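Survey of secondary and tertiary structure
Listed below, chain by chain, are the residues.
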Amino acid sequence: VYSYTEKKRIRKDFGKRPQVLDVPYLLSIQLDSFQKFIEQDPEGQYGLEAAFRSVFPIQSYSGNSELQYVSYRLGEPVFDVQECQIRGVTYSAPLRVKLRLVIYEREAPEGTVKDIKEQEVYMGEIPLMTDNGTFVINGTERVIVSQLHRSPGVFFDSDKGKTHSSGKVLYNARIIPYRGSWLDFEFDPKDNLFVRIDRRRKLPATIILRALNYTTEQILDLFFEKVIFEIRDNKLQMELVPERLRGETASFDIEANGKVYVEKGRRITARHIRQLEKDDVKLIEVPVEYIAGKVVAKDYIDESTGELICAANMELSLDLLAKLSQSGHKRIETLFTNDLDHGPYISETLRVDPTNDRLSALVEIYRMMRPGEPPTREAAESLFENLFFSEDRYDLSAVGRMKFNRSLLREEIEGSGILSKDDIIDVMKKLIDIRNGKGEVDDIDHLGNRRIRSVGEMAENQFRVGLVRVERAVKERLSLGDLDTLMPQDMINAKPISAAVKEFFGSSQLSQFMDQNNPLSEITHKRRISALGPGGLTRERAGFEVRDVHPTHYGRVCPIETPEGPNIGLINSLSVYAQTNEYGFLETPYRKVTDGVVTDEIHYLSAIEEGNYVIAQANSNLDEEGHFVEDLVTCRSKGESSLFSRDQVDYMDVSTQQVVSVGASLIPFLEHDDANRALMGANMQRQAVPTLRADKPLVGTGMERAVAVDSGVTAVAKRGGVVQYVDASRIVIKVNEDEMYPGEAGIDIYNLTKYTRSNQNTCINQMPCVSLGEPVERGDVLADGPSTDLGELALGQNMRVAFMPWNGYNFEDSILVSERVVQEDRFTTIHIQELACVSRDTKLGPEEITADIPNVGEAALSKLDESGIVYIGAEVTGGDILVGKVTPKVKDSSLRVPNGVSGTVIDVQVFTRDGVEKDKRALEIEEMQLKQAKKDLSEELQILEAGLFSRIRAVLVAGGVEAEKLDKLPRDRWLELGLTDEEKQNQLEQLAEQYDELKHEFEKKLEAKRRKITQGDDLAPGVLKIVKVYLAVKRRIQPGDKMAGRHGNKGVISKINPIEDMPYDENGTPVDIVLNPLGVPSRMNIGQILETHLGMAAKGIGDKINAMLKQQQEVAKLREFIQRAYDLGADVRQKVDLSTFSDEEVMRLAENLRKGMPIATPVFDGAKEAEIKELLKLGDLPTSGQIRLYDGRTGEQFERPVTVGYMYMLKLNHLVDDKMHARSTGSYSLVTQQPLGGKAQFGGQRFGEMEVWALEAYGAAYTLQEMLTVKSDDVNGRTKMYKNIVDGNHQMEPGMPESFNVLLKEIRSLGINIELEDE
Amino acid sequence: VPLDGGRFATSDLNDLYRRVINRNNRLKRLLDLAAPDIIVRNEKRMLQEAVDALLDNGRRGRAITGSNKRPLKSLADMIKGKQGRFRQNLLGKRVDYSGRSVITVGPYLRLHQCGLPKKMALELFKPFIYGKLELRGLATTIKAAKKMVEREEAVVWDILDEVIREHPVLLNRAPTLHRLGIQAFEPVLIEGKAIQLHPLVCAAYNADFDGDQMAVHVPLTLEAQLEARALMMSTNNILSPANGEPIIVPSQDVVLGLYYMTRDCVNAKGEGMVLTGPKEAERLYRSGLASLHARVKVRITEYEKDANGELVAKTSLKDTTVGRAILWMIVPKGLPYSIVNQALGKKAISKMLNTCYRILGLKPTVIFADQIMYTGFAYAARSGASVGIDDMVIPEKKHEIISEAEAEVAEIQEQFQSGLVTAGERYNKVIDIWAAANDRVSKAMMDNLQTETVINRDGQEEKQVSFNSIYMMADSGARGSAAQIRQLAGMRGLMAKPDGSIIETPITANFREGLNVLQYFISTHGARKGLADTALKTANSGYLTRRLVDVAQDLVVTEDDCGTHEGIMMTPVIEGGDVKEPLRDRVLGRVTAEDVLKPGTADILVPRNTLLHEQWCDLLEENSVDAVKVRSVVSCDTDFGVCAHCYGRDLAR
RNA sequence: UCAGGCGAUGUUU
DNA sequence: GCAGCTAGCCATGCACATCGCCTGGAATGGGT
DNA sequence: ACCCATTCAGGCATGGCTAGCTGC
Ligand SMILES: [Mg+2]
Ligand SMILES: [Zn+2]
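Each chain is numbered from 1 in the order of its written sequence, a scheme that can depart from the entry numbering, and any residue without coordinates is omitted. Numbering of ligands from 1 and lettering of chains from A proceed in the order in which they are written. The displayed chains are a subset of a larger assembly; all values refer to this subset. With hydrogens and water set aside, each side-chain value is computed from the structure's full complement of heavy atoms.

UniProt positions are given in the numbering used here, feature names are shortened, and annotations may be inferred rather than shown by experiment. The heading Catalytic activity in the UniProt record of chain A holds the text "RNA(n) + a ribonucleoside 5'-triphosphate = RNA(n+1) + diphosphate". Checking UniProt for chain A, the heading Sequence similarities contains the comment "Belongs to the RNA polymerase beta chain family."

Structural data, given as C-alpha cells:
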C-alpha cells in the first residue's frame, strides 16, 4: 500500500531491519510545552491555573478585605498570522480574568459585607504559538530555544586533587533550590565542617545546627554513638560492642571472665570478634589511666551542688575523674570515635565555634548576610526564618523534592516545598557518611542531574514575576483603601505584567531570531537545546567536562550535530526519538524483552533507570521469531559495553537511527565518515540556500519525507478529497462526502504564499504540485515549498562529478565548475532586500512625500509616478531614487538604493497612522488593495456561496426532486416553497430563513473585513506614514562562491571553463564539476566516494529507462525492468508489487523516474559494497566504478581510469558579492577621526595590533608611519596627502594623530597632568 | 548625536557630569542657608560618591546602574581595557585605501604577482587615476574626472593598467600570527571578484581555500613602494626567520605530479631504446611511442662549477627513465644529475630546491620554483590519479587474525572467571594483546599495499612497488601517512574514553566496511575531546604571544661589537636515550667566543671571532671537538641594545 | 554615528 | 607578647577579523 | 490628557594584601 502521492516516485530502499516505531512528530517539544502552558486545566498543576492559584488570594493587613480568583478566558486574536506578519503587530491574545473582592463585617465575626465580581478584568496580552512552533513578535518570526540546566536538588561533589596540593580530597555538598537561596556544606583540610550561604563566606556548620535551636547534648546524641562506663569496684568497667574494635589496634589485655583472647598490644581478628559476640561478654574492666584521652558526652554537674564541673565535648583527665567521682557519677557516657570509620569531625568543629547559644548564632548569621549593622533580635529572627522556611522566598518544586528524597533513600516522592530540620540534618549525615568511606560522589554530566525546560516553563515563570510585582501595589492600595468605592479593575494595573512578558519574548539570551533560509534550518533551530542563558553556565566558565559527551547522551542528545568554535558542546542538538519525561528528564524509547522474545512493546526510559538494566544494540541479528540468532551478543550495561549471555538482556534498541539528530541523519553513508567531517557536514547542510528550481537528491536517507511534511513550510491538505481548481495562487479542494461535517460545510481553500521575504533575505515561495482533477488523501502535500519537491527535502542539486587533479585549478579544495552549470541556471539563487523610508512630523514642520527635487531633472525623476513612490517593476540600480521625501525648509531627505545593490522592485507597502490623509498613490494602492480584498475574501466567499447553492438546491434536488419544476427557475426560489411538507419542506423553510440571515451575514462579514483593512494601526510616536520597498536581485554563480557536499568537503568555486575543456568520456557527455582527490585520504571521510558510486548506479537505471521511453516502447518492458530494479538487493524490507498499478499509473512513474531512480540508505543500516556492485551491473556500467575520460584540450586518454559519478552538492550562502568590498576615501568617524567600520557604512579594514607587530618585524618603517598617520588619523596631513597625490607628487607629512590628542585630553580630564616637553 | 528622529543617545559622560553638577548645586544651596548638619553630611557624602562614579565607576562597592540595567562607562573605562584607546585607536587602527575579499587559486602566475579584482582596483586607486587623467588633459578638474570614473568609459581601464603597472600592494590574512603573514605583490588585473593568489604561498599564509578572506592595502608614498619592493615581496622571503628552513616547500598536487612523473615501472612501451637528449625524450612522450615511465638510457649533459666560479660541462650516458629526463629539461645549470634520479618524494623535492638555493644564489631558485610548479601541475593532471573504493585493499588475513585474538581474549577471561588473576593484570593483559593484534594487522595491510603490483617482464613474473592511488598519495608525502592509511584499511585501534582510561574492546572494523553504532559512538568522544580543545587552545596561545612581544620590544641591535670575552658553553643534548640534537645544529651560525683548541693542546683550530657556518661546522666534526664556547645574547655587554656579533646569523638571510 | 545580545564565519593539521 | 607564617578577601586577565540582525531614557507629575 | 519640569551566581591562577597565630 502507499499514500497516493508516493505512488508518483516511489523511492527504492536498501535496508535490513524492520522498523517498529515510526519517526515521531518532530516538534513535540515546542507544541506540547506551550499547549500545556495555556490550557484550562483543573487542580492547579502546571498552567496559568498554577500561577494564579499560587499567588492568590491577596488579603489586606488583616483588614478583612480580600481578593480571590475565579477563572480566566482568552479572546480570539485581533488579527491572524499572515496579516500579522504583513503589518507588524505581535500575534497576541487578550487576557481576561474573573476576580472576586470581599469584605467582612468590620468589628464583628466574618460577616461578608459585599462581594462584587468585576467581569473579566483585563490584564494584558501574551503571544501565541503558530501551528509551526514559532512566535511572532514584531512582524518578524522568533523562536525560543529550550534550556538545559541543573536539576533543582542536592549534590555531592569531590573537587579532588587540585586544591591544597596536599594530595587530600574534599567533599562538598550543595542544595540548589528552584527559587531562592543556595546552601553549601564543605570541609577544610583540617577536617572542619563549614556551612556557607549564597557563596558569601565561611561559617562553622554547627553554627547553623545550633541556630536550629539544638542544645549541644542533643547534637552529640544525634550524630555520634555512645560508650558506657560504670564506677564499679575500680577501673570503671565498660560496655563494648565488639565490632567497634576491629579498626582500632589495642594497647591492653583482652579477656573474657578471665578467659583471655588477646594480650596487650596487637590488633583484633574477626574470628575473635565472632567468638566474643558468641560469648556476649562485654562488661569488662579497663585500664583507667587511658580513658583520659577521650571526650565527654554531656554535662555532668554535681548530683548535689551542680557546680560548673564539665562542659560537654571536653577532653578528660584523672583529676576531673576524681572531681566528678566525689559524688560518684556511676554512669559516664562518651562518644565512640574511630579514626578510620567514624571521626570526630563535628566535635572538633563545635570546638572551633565562636558562639554558645541560639541568639548569638542568629546574630552571627545576620551579620554575615548584612555587613555593618547592629542586629535587632527579632529582626535577625525574621531574616533567618525567611531564607529556609517561608513559602514565599524559597521553593523547591515537585522536581526538587523527588530528586532530593531519591538521593537520600527516603520513601516517598511527594512532600513539602520547603526545607526542614530533618532534611538539613540528613544531608549532613550523608556528607559525613561519604567522608567516612561509603557511598559515592555523583557527577554533574549524568543526564539524571540535568534537565530540560521549555517555552512553557519560561513564560510561566516570567509571568509569575509579573504577578508578584503587581501584588505589592495591590496590597498597598488595599491597605490604604476604603469601602468598596472602587471596583477590582482599578486596583490591578496590567502594565507591569505586559511589560515583563514582552521583555521576555523580545529580549532574551534565549528568544532569538529564527534561522529561516531552509526547511531543515527551521526544524533544527526549533529542536535546539542550549546550556546558556540565565540560570546556566556561560561561555567563559565552562570547563571541559560539560563540553565532553558523557556516556548517557546515547540516544537522547546527539553526539555529532553541534557548532564548532567558541561554544562547542553547549549547543547540543536533540535526538530523533527523544522525548521529555513528566518531570523533564530526557527519555528515549526501547523495546521490552521477555524471557527470550523481542516484543514489539515500546517502553520509555530516563537516564538513571537505564543504569540498572542491560540493553541490546540496534543491529543484532534476530530471526523471525523474537530470538537472537546467536547466543551471546554485544550490549551495554552501566556506561560500559561488553558481550553478554543470551538470557540476560532486558531491553533492545528501537531502530538504528536513534543515536543521531535530524541534523545528521540526512547524511548517506554516515557510518563511513570520521566524526569530524560528519560534524562539519551536518552544519554546512544546515546552511544551504533554496535554489531556483528544486530537485530531489539522488542518494538520500528516507528521512526527507518526514522533515518536509512535518516542518511547516509546505501546504498539507487537511481533509481528503478531490482538487477542483488549481492556480499558482490558490488551490481549491472539494471535500469528499464522509469526511464532511453535516451542516452546510462546503469546501477548502489554501492560499499558497507567493514571493516574500525570509529572515535571511533569501526567497520563500510555494508551488502547486498537483494537477486539476485528481484525488488527494488526508495528510498529504499540495504545494512544494522552498527547497522541496513532491514532498521531499531537496537542498542542492545533483551534478556529475569526476575526481582528478586538473591543471592546478583545484589546488586545495577549489571545486572547478563547467559553464554548463551556469548556463542552465541550476544554481541561480534568488534574494530580496527590504529598504525603508519613514516620515516624522517634527519641530520646524511636517514632511510630505512629493516628487519635487532640486539638482536633478526628469532624466532621473521619470521612474517615479506623479505621486512620488516608484512604479512596481522598474529595474532600478545603485543611486536611483525610490521615494521622494521632503523636509521643511525645503531640504531633501529622500531615499535611494544604496550603492552596489541592484534590484527589480516587486512590492510596496504603505502604513499610515490613523488620523492622517492618504495622498495620491496611497489612494491608488489603497483602492487596489480594496479590489484585492474584495476579489480575495469576497470572491472566496463567492465560490463558497456557489458550492452552498449547490448543496441547498440539492436539498431541492436529491430525493423528492423537482426536475422540471426546478430547472426552469434560477437557483433563487427556495424560501417560501410548498412541497412535500415533511423534513424536506421543514428544511427548506427554516434553512432559507437562515439563509437570508446568511446574506446579511455575508454582508456584515465583508464589512468587518473592509473595516479592518481600512483602520490605520499604530506606529512609533511622532511618525506619520511609512513607505517600504522590496527588491529582488538574482545571483548567478561566479569565482568565489562556496559550494559544499554533504560530507564536509567545502570548497570555493575557482574557475568557469568552457564546455570544450571539460574531461569528456568515450560517449560524449562532459563532466560538470571536478574536485580534488588528494582531499580524501587525509580528512578520513571515505564516505563521499560511496555516495558517488551509488549515484552513478542511479543515473544508470535512469538513462536506461530514458531510452526505453524515448523509443516509445510498450509497457510490458517497463513493468519488467522497473520491477527488477526494485527487487534486487539481498533481503530488504522494501516490497513493491508493481503489478498492482493502473497501466496509466506506471507511465507516469516512468515519467518521473527518467531523471534517476532515487535511492535510500537508512543511516547505520546502509547499502553494502556487494549490493552497489550488483546494482551497477543491473545497469551497464563497469563494476569497478571507474571510467576512462579523455581530455578536452589535447583529446588524449588520461593515463589510467578515473572516478566519475553523481553527487549532491549545495550552494552555501557566503556569496562573494556580499563579501567583497573596497574603499578609497569617504565617511570618517566623529569622536576619533578614524574611518568607520563595516560594509553598509562605507568603511575600511582594521590594521590591527598583530599586523603592526609584523611590519615592525620587517625593517619597514615608512609603511608603518604612513598607515598610522596619513591613511587614518592626521586630519591636516590626510587632506594634504590627497592633494599631492592628484598633483603627481608622492610624499607625506607626518603631523600628529588626533586619536593621541584625544588620549591627552581625557587623561588631562582626570586629575593627572600630561604634557609634551620641549627640545 | 541626533539618532533616527529627534531623540538623542545619552552618552555616559554627559550623564555622569550632569549628575555631579546637580548634586553640587544642591550642596551650594544648602550652604546658603546654614541648614543642619545631618543634612549637610548626607549631601557631602552623596557628592563624594558621585564624583567617585565619574572618575571610576564600579570601584567603590557597587557600581551605579546605567539608564537601563547595566553599568555605565566612566573615564577610567574609557582608557583601560580591551576597548579603551590604547588598544582600540592607538596601537592598531582603521585605515583608508583598503579592501577585502575572498581568495581563489590561479596557477598561472609567476610567484611574484597576485591576481586582483578589477572593480576592487578601480575603487582602490581612484586618486592616482584622477592624477594621470588631468595629466593627459582628458579632463578639467576633480569633479569632471569623478564623473569619468563613475561612468567607466573606454579610457579609464587603459589608464588603470598604466598606473597598476609596477606598483606593489600588500596582501594580508586575518589572524596574522607571524611576520610572514603580510606580503607584497604586483597586481595583475582580472575579471571576477576574487583575489587570485599564487599557490606556492598558501603554505606560508596557512590559507586553505575553504572560503578564507584576505585584505589588500595600498602603499602610497614613494619610500613605501620601495619598501614593499625591497623587504616584503615574496621573492625575498624564502627562509623563515624561525629556523632557516625553506618556506616555498611545494605542496600536495605539485608533488603528486612530480612523483608520478618520475618513477620506474618494469615493462612499458619503449624499453631499452636509447635517446639523444631530453628533447627527444619529450618528443617521444608526446607522440605516444614510449611511456612516461620506462627504464631507458640517455645521453645527458651536466655542468659542474668546480673552477673558481667557472662552469665546466661533461656528458655521459646515464640510466634513467623518460619522464625523469623530461623533468631534467628544467633544472638550472649547475646541479649534479643525481638530484632527480631517485623517486622524488616530498622531502626529496625540498632537498632539491634547497641545494639549488645554496649553490646558485637567488634568481635561479625563484625561477626554478615556478617551473617546478608548472610542470608539476601539468603532468599530474595528465596522469589522472583518482581514488575509488576498489583501491583500499583489505588484507585477506584480517578476519583470521582478529578471530585468533578474540580467542585469546576469551582465554584470559576464563583464567579470571575461575579466579586465578587480579582484575588489574587482567585489564593490562587484554589491552596488551589487542595492541599486538593491531600491529600484526597493520603490518599485513601495509605489505599487501606496497608490494601489491606483480607483473611480467617479457619473462614470467616480478614484483615492484605499486601504483595503487592511495598508496601513491601516501608514499609521496602529499597527504596522510601510515597512520591514516591504516585507519582506512585495517582496524582503527583502541579509542580512549573521556577521562583518560582506555576502553577494553577495540573498534574491530575500519572505514571501508561500516561501523555498527556503538563503535561509532565511542569514536565520537574520542574526537570531540580534541576538537573542543582546539578553541581554548587558540585563545590562550594568542595571549601568550601578546605578552611575549610586550617584553621583548625595545630590543634593537644597536652597536656593532661589544667586544667581550664572556659567553656560554654548548654541548649536544643527551637525554639518557640517544642524543637528540647534534652539536652541529646547535652551533650553526653563531659567533664563537674563545679560540677552540684542537684536543692536541696548543694547536689553535679556530679564531675567537669567527662566524661558524657550514664548512666550519664540518671542521668541528673533523676534529670532533664537542664542547664549544660561544657568545650568547644573555651575556652581551651593551647599553640599551644588543651588539651584532652577539646575535649570530640572521636566519632568512 | 554610540553601547549590549545572538548567530555565523574563519583560525580544521 | 613580638615576629615570621599561614590563611581568607579582593584585583587583575582571559585571541583576532568579519558579517549580519536587532535593540536600545525614562519617571513621575505638571498647566491649560 | 501631552510633551516636557526635576530625578532614578559551576574559575582560576596568581598575586597582592591584611589579620591572626603560635615559635620564642
Ligand atoms: Mg579554512
Ligand atoms: Zn655582545
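That shown, we press on.
Remarks on the overall build of chain A
A tally of helices and strands in chain A yields 35 helices and 49 strands. Counting only C-alpha atoms and orienting by the principal axes, one finds that chain A spans roughly 125 × 115 × 90 Å. Three labels apply to residues, based on accessible area from a 1.4 Å probe with only protein chains included: buried if under 20% of the type maximum, exposed if over 50%, partly exposed otherwise in between. The proportion of buried residues among the 1319 residues of chain A is 49%. We treat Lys and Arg as the positive residues and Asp and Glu as the negative residues; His and chain ends play no part in the count. To locate a charge, take NZ of a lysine, CZ of an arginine, CG of an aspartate or CD of a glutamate. Side-chain charges of chain A comprise 167 positive and 209 negative groups, with the mean position of each set lying 2 Å from the other. Labels follow the DSSP assignment, with helices taken as runs of H or I lasting at least four residues and strands as runs of E lasting at least two, numbered in each case from the N terminus.

What about the side chain of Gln1186 of chain A?
Among the secondary structure elements, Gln1186 of chain A is positioned in strand 46 (residues 1186–1187). When neighbours within four sequence positions are excluded, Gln1186 of chain A is seen to be in contact with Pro1201, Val1202 and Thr1203 of chain A together with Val387, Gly388 and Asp391 of chain B. By the convention used here, residues are in contact when the closest approach between their heavy atoms is within 4.5 Å.

Regarding the protein's contact with RNA strand C
Around RNA strand C, a shell composed of 21 residues is seen, among which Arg677, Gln687 and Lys1050 of chain A together with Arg70 and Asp210 of chain B lie nearest. Put simply, 82% of the atoms of RNA strand C that lie within 4 Å of the protein are in sugar or phosphate. In this structure, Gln512 of chain A approaches RNA strand C through a side-chain N or O atom, which is 3.5 Å from a sugar or linking oxygen. N or O atoms closer than or at 3.5 Å make up a polar contact, with two conditions inside protein: a donor-capable atom paired with an acceptor-capable one, and, for residues adjacent in sequence, both atoms drawn from side chains. In the environment of RNA strand C, a base oxygen lies 3.4 Å from a nitrogen or oxygen atom belonging to the side chain of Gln1241 of chain A. Under the convention adopted here, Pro, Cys and the residues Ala, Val, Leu, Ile, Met, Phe, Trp and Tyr are nonpolar, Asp, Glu, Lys and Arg are charged, and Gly plus all remaining residues are polar. Residue composition of the surface near RNA strand C, by class: 3 nonpolar, 7 polar and 11 charged. Proximity is defined per residue: if any heavy atom of the residue lies within 4 Å of a molecule or strand, that residue is considered near it.

Here's the deal with the coordination of the zinc ion (ligand 2)
Residue and element names in this part refer to chain B. Only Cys562 (SG), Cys636 (SG), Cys643 (SG) and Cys646 (SG) from the protein reach the zinc ion (ligand 2) as donors, at distances of 2.1 to 2.3 Å. Any nitrogen, oxygen or sulfur atom within 2.8 Å of a metal ion counts as a donor, with the limit raised to 3.2 Å for Na, K and Ca, and since water is left out, coordination shells can look unfinished. Any coordination sphere not matching a tetrahedral pattern (four donors, all angles between 85 and 135 degrees) or a square planar or octahedral pattern (four or six donors, opposite donors over 155 degrees apart, other angles between 65 and 115) is reported as irregular. Around the zinc ion (ligand 2), the 4 donor atoms sit at angles spanning 92 to 142 degrees, and that spread fits a shape best called irregular. The sequence pattern formed by the donor residues of the zinc ion (ligand 2) is C-x73-C-x6-C-x2-C. By relative accessible area, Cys636 is classed as buried at 17%. Look at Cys643 and you get buried, because its relative accessible area is 0%.

Details of the nonpolar core
Residues enter a nonpolar core if they are buried and are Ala, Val, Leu, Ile, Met, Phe, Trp, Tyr or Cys, with the set joined through side-chain atoms within 4.5 Å. Counting 195 residues, the largest nonpolar core has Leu171 and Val340 of chain B as the members making the most contacts within it. Broken down by element, this core gets its largest block of residues, 10 residues, from helix 27 (residues 1087–1110) of chain A. The contacts of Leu171 of chain B, once residues within four sequence positions are left out, are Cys114, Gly181, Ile182, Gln183, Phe185, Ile195, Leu197, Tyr205, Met214, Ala215 and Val216 of chain B. Judged by nonpolar contacts, the second largest core, of 51 residues, contains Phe156, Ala297, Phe384 and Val427 of chain A.

Overview of the coordination of the magnesium ion (ligand 1)
In the first shell of the magnesium ion (ligand 1), the protein supplies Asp208 of chain B (OD), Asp208 of chain B (OD), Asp210 of chain B (OD) and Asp210 of chain B (OD), at 1.9 to 2.6 Å from the metal. Accessibility expressed as a relative area gives 25% for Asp208 of chain B, which makes it partly exposed.

Regarding the sheet that holds strand 36 (residues 833–834) of chain A
All names here are of chain A. When DSSP finds two or more bridges between a pair of strands, those strands are recorded as paired. Read across the sheet, 3 strands follow the order 36-42-41 without closing on themselves; strand pairing throughout is antiparallel. In this open sheet, the two edge strands, each paired with only one partner strand, are strand 36 and strand 41 (907–912). Judged from the 2 bridges that link them, strand 36 and strand 42 (residues 1025–1031) form a sheet pairing that is antiparallel. Bridge pairing in strand 42 places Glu834 opposite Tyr1030.

Examining the packing of aromatic side chains
Residue and element names in this part refer to chain A. Note on aromatic pairs: the rings of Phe, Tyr and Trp (six-membered ring only in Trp) are paired at centre separations within 6.5 Å, and the planes decide the class, stacked below 30 degrees, edge-to-face beyond 60, tilted for the rest. Per the stated rule, a full pass over the model turns up 24 aromatic pairs over all chains. With a centroid separation of 5.6 Å and an interplanar angle of 50 degrees, the aromatic rings of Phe52 and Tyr69 are classed as tilted. With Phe52 in helix 2 (residues 48–55) and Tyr69 in strand 2 (residues 65–74), this pair connects stretches of sequence that are 17 residues apart. Summarising the burial analysis for this pair, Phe52 and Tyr69 share the class buried. In textbook terms, an aromatic cluster arises when at least three aromatic residues are bridged by ring pairs, as seen for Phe34, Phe37, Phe135, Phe504 and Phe505. Our definition puts a charge over a ring when NZ of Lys or CZ of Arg is within 6 Å of the ring centre and also within 35 degrees of the ring normal. Geometry around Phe155 places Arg150 over its ring, the cationic atom sitting 4.5 Å from the centre.

Section: the environment of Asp780 of chain A
Residue and element names in this part refer to chain A. Of note, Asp780 is situated in the loop between strand 30 (775–776) and strand 31 (783–784). With relative accessibility at 1%, the residue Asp780 sits in the buried group. Distance in space between the C-alpha atoms of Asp780 and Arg527 is 23 Å, their sequence separation being 253 residues. Beyond its immediate sequence surroundings of up to four residues, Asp780 is in contact with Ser3, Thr5, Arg705, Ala715, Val716 and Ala717. In terms of polar contacts, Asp780 uses its side chain to reach the side chain of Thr5, at 2.8 Å.

Some remarks on the interface of chain B and chain A
The interface is formed by 125 residues belonging to chain B together with 133 residues belonging to chain A. Buried area is understood as the total, over both parts, of accessible area removed when two parts are fitted together, assessed with a 1.4 Å probe. Across the chain B to chain A interface the summed buried area is about 12,200 Å²; carbon plus sulfur atoms make up 61%. The term salt bridge refers to a side-chain nitrogen of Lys or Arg lying within 4 Å of a carboxyl oxygen of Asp or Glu. Our count for the contact surface shared by chain B and chain A stands at 8 salt bridges. Across the pair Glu640 of chain A and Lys497 of chain B runs a salt bridge whose closest N-O atoms are separated by 3.4 Å. Linking chain B with chain A are 39 residue pairs in polar contact. Here the element with the most residues in the side of chain B that touches chain A is helix 20 (residues 517–549) of chain B; it accounts for 15 residues. Among the residues making up the side of chain B that touches chain A, the classes are represented as 63 nonpolar, 32 polar and 30 charged. Sheet topology places strand 48 (residues 1221–1223) of chain A next to strand 2 (residues 98–104) of chain B; 3 bridges connect them, and they run antiparallel. Looking at strand 2 of chain B, one finds that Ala1222 of chain A is bridged to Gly99 of chain B.

Examining the protein's contact with DNA strand E
Residues and elements named next belong to chain A. Taken together, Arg150, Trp182, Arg450, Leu537, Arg541 and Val546 are the residues near DNA strand E. Backbone atoms, meaning sugar plus phosphate, form 50% of the atoms of DNA strand E positioned within 4 Å of the protein. A distance of 2.3 Å separates a phosphate oxygen of DNA strand E from a polar atom in the side chain of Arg541. Split into classes, the residues belonging to the surface near DNA strand E amount to 3 nonpolar, no polar and 3 charged.

Things to note about unusual backbone geometry
Omega for the bond connecting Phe56 of chain A with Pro57 of chain A falls within 30 degrees of zero, at 0 degrees, which places this linkage in the cis form. Relative to the helices and strands, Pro57 of chain A resides in the loop between helix 2 and strand 1 (58–59). You will see that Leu409 of chain A, though not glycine, has its phi angle at about 60 degrees, which is positive. Note on placement: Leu409 of chain A falls in the loop between helix 12 (398–407) and helix 13 (421–436). Phi is positive for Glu152 of chain B, close to 65 degrees, though the residue is something other than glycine. Following the sequence through the fold, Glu152 of chain B ends up in the loop between helix 7 (142–151) and helix 8 (156–164). A residue is classified by how much of its surface remains accessible, and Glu152 of chain B, at 30% relative accessible area, is partly exposed.

Some points on a negative patch on the surface
Together, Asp233, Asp253, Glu255, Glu263 and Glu285 of chain A make up a region of like negative charge exposed at the surface. Note that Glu285 of chain A resides in the loop between helix 6 (270–279) and helix 7 (288–291). Residues enter patches when they are more than 30% accessible in relative terms and free of salt bridges; like-charged ones are connected within 9 Å and nonpolar ones (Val, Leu, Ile, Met, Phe, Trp, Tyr) within 5 Å. Per-residue accessibility takes into account occlusion by the displayed protein chains alone, with areas from the Shrake-Rupley method and a 1.4 Å probe.

Comments concerning the pattern of salt bridges
Residue and element names in this part refer to chain A. Scanning the model with the defined rule gives 84 salt bridges over all chains in all. The residue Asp191 makes a salt bridge to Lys168 at a minimum N-O spacing of 3.9 Å. Of this pair, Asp191 sits in the loop between strand 10 (183–186) and strand 11 (194–196) while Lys168 sits in the loop between strand 8 (153–157) and strand 9 (172–176); the two residues are 23 residues apart in sequence, bridging distant segments of the chain. A relative accessible area of 23% means that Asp191 is categorised as partly exposed. Exposure remark for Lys168: the relative accessible area of 29% places this residue in the partly exposed category. Across the pair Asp392 and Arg393 runs a salt bridge whose closest N-O atoms are separated by 3.5 Å.

Quick word on a positive patch on the surface
Among the surface-exposed residues, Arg469 and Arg472 of chain A together with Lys69 and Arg70 of chain B lie close enough to one another that they form a single positively charged patch. The topology assignment puts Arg472 of chain A in helix 14 (residues 455–479). Using a relative accessible area of 70% as the deciding quantity, one classes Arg472 of chain A as exposed.

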